[PDB]
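Provided below as structure tokens are two forms of one protein chain, presented individually as structure 1 and structure 2.
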Structure 1
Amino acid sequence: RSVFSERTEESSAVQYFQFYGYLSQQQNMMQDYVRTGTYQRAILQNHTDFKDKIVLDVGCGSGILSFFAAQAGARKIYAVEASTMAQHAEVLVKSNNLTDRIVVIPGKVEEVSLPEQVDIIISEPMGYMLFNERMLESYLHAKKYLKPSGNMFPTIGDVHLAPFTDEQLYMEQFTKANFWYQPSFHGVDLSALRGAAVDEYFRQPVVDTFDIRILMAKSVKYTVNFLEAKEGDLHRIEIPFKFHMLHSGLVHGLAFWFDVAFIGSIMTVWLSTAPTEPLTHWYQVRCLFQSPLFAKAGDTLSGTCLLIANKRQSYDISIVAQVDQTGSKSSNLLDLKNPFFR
């Protein structure tokens, strides 16, 4: 038993690595030009952190990030990949004549053996809302192979949270749920299930983008330092928040995005998924409240976002928010493994 298998239901792992075994899914991430181009900039503009160094690429996929490390002058790159994509990465290593520098290691990073410790770990392990897929834990786990004072690319990750107003989205999800309000669907009363239906639909995080003008307060930031954090730190993530409301109106939920920073010796390069920045394949994520909170400009909205990691490689989300001046309170539970792609 490995740390991976201990925290992961077999059914989930099967589907997860089957997904990433598709060339079309690797293509989809590769063609996110913001993502791939920002990773290339981070590695090449910090070429001194790679020159003549030993590298680990956690979850290499096609090999693309290991190719960037080779371009930057790395002496040896261990490219670990658990899906059958590892075989395709090896094909590209050979066809690009980089067999002397990139070594594909098929398997899970929690289970493979490497010949030596490495100077720097590179990975793209970010999911929706940063934490979906639980691959940041594999990235942190890989630090067992990192030399003392080695680096991590990316180095830190910032989760941003902000309240938003969007009656249209709210009513769109409520409308779907109201199917189960019908007292005579082909003669059948469904209404005893209305409550269960509302719960189910509002447990789905909404993945899409939006106009920044729907944000009702400056975002609160929660930072994970990948040089310092341990695997276990991500099992239960408690994010307290206190928003100073800039606009009056209905708060329909919290919007989430994330940034990661590559803190290299030459420069710090940021990859942002904020709604003020060009769109990525992560979009942004919104967690709806089952009923909006009313707030005036100048009020404070206080609470906690609690993320509990689950064995399906995702998170159970609890959001409790309160308008401090009135005691108006909202408690909501979301399943990050059942998003609504809007």
Structure 2
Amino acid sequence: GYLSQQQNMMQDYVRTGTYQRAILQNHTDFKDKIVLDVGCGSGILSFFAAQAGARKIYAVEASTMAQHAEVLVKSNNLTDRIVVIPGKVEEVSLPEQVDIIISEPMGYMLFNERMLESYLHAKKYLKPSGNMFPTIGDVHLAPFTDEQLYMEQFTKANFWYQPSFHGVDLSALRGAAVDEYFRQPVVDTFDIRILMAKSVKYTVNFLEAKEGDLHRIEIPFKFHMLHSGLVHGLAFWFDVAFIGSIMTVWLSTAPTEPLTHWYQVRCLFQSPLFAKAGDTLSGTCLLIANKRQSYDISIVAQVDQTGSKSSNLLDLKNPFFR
């Protein structure tokens, strides 16, 4: 819980701006309503709800951060509208059902850090027919070609393919190194020209979802290739929508959108799949929740026409940055 971290999140104008934009333009959803702020991370969220004219804002509240919020609430003259309860939703108690829940629970590929579970858990404190900001989450995935990124892996791992690095033969660990390097999802951004087919969408309606739904989360796909080339993996990004009474407002991390701190995520295939235009690449992406507040990512994919296959396991716990 560093202020540096909190600053970095505040600096993301798309994040902070869109959140604020969504709350103020949907004024009638906040005017004299009771709100719960479970997320933050920018720490600025319960203030937006005050600016939209909320009656009471219960704000929990991670052990840092509880104190950071406490100072700003006092200094912004809002002690009588915003209460700061240190801790976490599955650990604390609220004295009142709320109209709206607000939070910033999105990680890399939306689900990383598993904060949405705590978010969905908060619906124990939600009044019937109340809503949540954000309301839904659209995960997008599409196949990509990128020779330079694929090759990059082997140039790295080939360091181990030396028989006499300072008189030591490292070659027996080359295979383990390749596996490891391919096991990391790549966080950075790309030109859309590397996208081989139109993206499929997978939608989580936060208003109806139970927190158990986020433990397995299976995403099937049947891409219809626009371009001829080699598929090196699947690209991932996400959108969330703030569906209010007045207006639905979108926060998008698409590669066609201005850059955010979430960038985009690419999961490579260990064996590239050749596909033609008009060919269908099908398979499923499986995200298993793991013990390190992250996901084990399983990707199986085949080119229907040729029957070539892979067969790929990632751990979002150890992402490669760029």
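Here, a residue number simply tells you its place in the sequence of structure 1, counted from 1. Basically, rigid core = biggest C-alpha set you can superpose within 1.5 Å across the two forms.
For the set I43, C60, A295, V55, a Cα shift of at least 2 angstroms between structure 1 and structure 2, after rigid core superposition, holds for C60 and for no other residue.
If you overlay the core, the Cα of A197 moves by 1.1 Å between structure 1 and structure 2. Once the core of the two forms is superposed, the Cα of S113 has moved 0.5 Å between structure 1 and structure 2.
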